[PDB]
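> Numbering (our numbering), first residue to last: 555 to 681. Where is the CB? At the ideal position from N, CA and C, for every residue including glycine.
1) State yes or no: is the C-beta of residue 580 within less than 9 angstroms of the C-beta of residue 564?
2) Can you list the beta strand (DSSP E) stretches of 3 or more residues lying completely in the segment 622 to 649, in chain order?
3) On the DSSP bridge list, what partners appear for residue 605?
4) Just to confirm my understanding: we take residue 623, look at its own chain, exclude 5 residues before and 5 after, and list those with CB closer than 8 angstroms. What are they?
5) Look at residue 650 and residue 618 and say whether their C-beta atoms are less than 9 angstroms apart.
6) Would you check if there are 3 or more beta carbon pairs closer than 8 angstroms linking the segment 652 to 671 to the segment 621 to 638?
7) Among 629, 592, 613, 631, which one has its Cα closest to the Cα of residue 637?
8) Where does residue 599 land, buried or exposed, given buried means 16+ other C-beta within 10 angstroms?
9) Measuring CB to CB, does residue 632 end up less than 9 angstroms from residue 676?
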């Protein structure tokens, strides 16, 4: 019923869309301009299991490398990419980097709560 989510957004409209859509599921913590080390510290203190990362053609090389680093360090972390659903090569690059899912900014709130439900039902609770 409640989680912390971390978001690497490339504009404030994305952060608002995430926060408003996922309000019933938990809290969306912004990570702003964060390095891999800083981002891993923020995931640990918030005990976040889902990370949202906004991808585009301009930031794909550096952000893709970051997803690769995150997924190496935290294999159980669910990385969800946010980008243009009309760009097949972008969707493909994100998946290759280690992103579990890809959503387009402005998607219905029910699509986001649905995704969080699905990602929650994926692994056992008792460790």
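According to the structure data:
1) Here the question's residue 580 lines up with position 26 in the chain shown. Here the question's residue 564 lines up with position 10 in the chain shown. Cβ atoms of residue 580 and residue 564: not closer than 9 angstroms.
2) Inside the segment 622 to 649, DSSP marks whole beta strand (DSSP E) runs of 3 or more residues at positions 632 to 636, from first to last along the chain.
3) In the chain shown, the residue the question calls residue 605 occupies position 51. In the DSSP output, where bridge partners are listed per residue, residue 605 has 560, 633.
4) Looking up residue 623 in the chain shown gives position 69. Within the same chain, and ignoring the five residues on either side of residue 623 in sequence, the residues whose Cβ sits closer than 8 angstroms to its Cβ are 590.
5) Your numbering for residue 650 matches position 96 in the chain shown. Your numbering for residue 618 matches position 64 in the chain shown. The answer is yes: Cβ separation under 9 angstroms.
6) Because the criterion of three Cβ pairs below 8 angstroms is met, the segment 652 to 671 and the segment 621 to 638 touch.
7) Counted from its first residue, the chain shown places residue 637 at position 83. Nearest of 629, 592, 613, 631 to residue 637, Cα basis: 613.
8) Here residue 599 refers to the residue found at position 45 of the chain shown. Counting the other CB atoms within 10 Å of its CB gives residue 599 a total below 16, which places it among the exposed residues.
9) The residue you call residue 632 lines up with position 78 of the chain shown. The residue you call residue 676 lines up with position 122 of the chain shown. Yes; because the gap between Cβ atoms is below 9 angstroms, this pair is in contact.
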